[PDB]
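Each residue of the sequence shown is one higher than the one before, starting from 1 at the first, in PDB author numbering.
The C-beta atom is built at its ideal place from N, Cα and C for all residues, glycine as well.
This report refers to the structure that appears directly beneath it.
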Amino acid sequence: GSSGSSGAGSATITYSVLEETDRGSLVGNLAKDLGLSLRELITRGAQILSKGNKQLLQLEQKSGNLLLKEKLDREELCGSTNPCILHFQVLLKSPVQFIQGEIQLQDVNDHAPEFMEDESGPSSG
């Protein structure tokens, strides 16, 4: 059997946060993101990996919320530059595991219509 081939995409998670994010601001949910439980995140010790020395993130690991270390700067990360995405990774302990998350800039400006969803019905004849 054979059926062509294709598939790409490194980023697994994408967060939303401005650029002037204040220190101690909730970037997003990690344990709730993957839909995992704090415990699971705790057991596997889930932390934020940003930069070699001094991290710009700190997962309290209490409610699964990404906390900023300090007040960002600009150039340090991106500052204007595009796409302007933070570079981080979720570190896990035995079983040691790592993820390739991402931080998208708060580019909220669409909203779009939405209101619940539920559809399903086959057809044939």
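Would you mind reading off the limits of the alpha helix (DSSP H) that contains residue 38? As a working mapping, residue 38 is identified with position 38 in the sequence shown. Here the alpha helix (DSSP H) through residue 38 covers 38 to 43.
Considering only the alpha carbon of each residue, which of 29, 71 and 52 lies closest to residue 143? Because the chain is modelled from 1 through 125, residue 143 falls outside the range shown and cannot be assessed.
Cβ contact check for the region 36 to 50 and the region 74 to 91: 3 or more pairs under 8 Å: yes
Helix, strand or coil, according to DSSP, for residue 109 in the structure here? Here residue 109 refers to the residue found at position 109 when the sequence shown is read from its first residue. Coil.
On the CB-based measure, 16 or more other CB atoms within 10 Å of its CB, does residue 81 come out buried or exposed? Within the sequence shown, the letter at position 81 stands for residue 81. When all chains shown are included, residue 81 counts as exposed.
Any idea what DSSP makes of residue 28, helix, strand or coil? Counted from its first residue, the sequence shown places residue 28 at position 28. Strand at residue 28.
Residue 121: buried (16+ other C-beta within 10 angstroms of its C-beta) or exposed? Walking along the sequence shown from the start, residue 121 turns up at place 121. Note on residue 121: under 16 other CB atoms within 10 angstroms of its CB, so exposed under the neighbour-count rule.
If the criterion is Cβ atoms closer than 8 Å, does the pair residue 67 and residue 60 meet it? Residue 67 sits at position 67 when you count from the first residue of the sequence shown. Residue 60 sits at position 60 when you count from the first residue of the sequence shown. For the pair residue 67 and residue 60, the CB atoms are nearer than the 8 Å cut-off.
Given a threshold of 16 other Cβ atoms within 10 Å of its Cβ, counted over all protein chains shown, does residue 52 qualify as buried or as exposed? Residue 52 sits at position 52 when you count from the first residue of the sequence shown. Exposed, by the Cβ-count rule.
Please report how far the alpha carbon of residue 112 lies from the alpha carbon of residue 97, in whole angstroms. Here residue 112 corresponds to residue number 112 of the sequence shown, with the count starting at 1. Here residue 97 corresponds to residue number 97 of the sequence shown, with the count starting at 1. In a straight line, the C-alpha of residue 112 is about 36 Å away from that of residue 97.
Taking the C-alpha atoms as reference points, what is the distance between residue 57 and residue 69? Here the question's residue 57 lines up with position 57 in the sequence shown. Here the question's residue 69 lines up with position 69 in the sequence shown. The straight-line gap from Cα to Cα measures roughly 5 Å.
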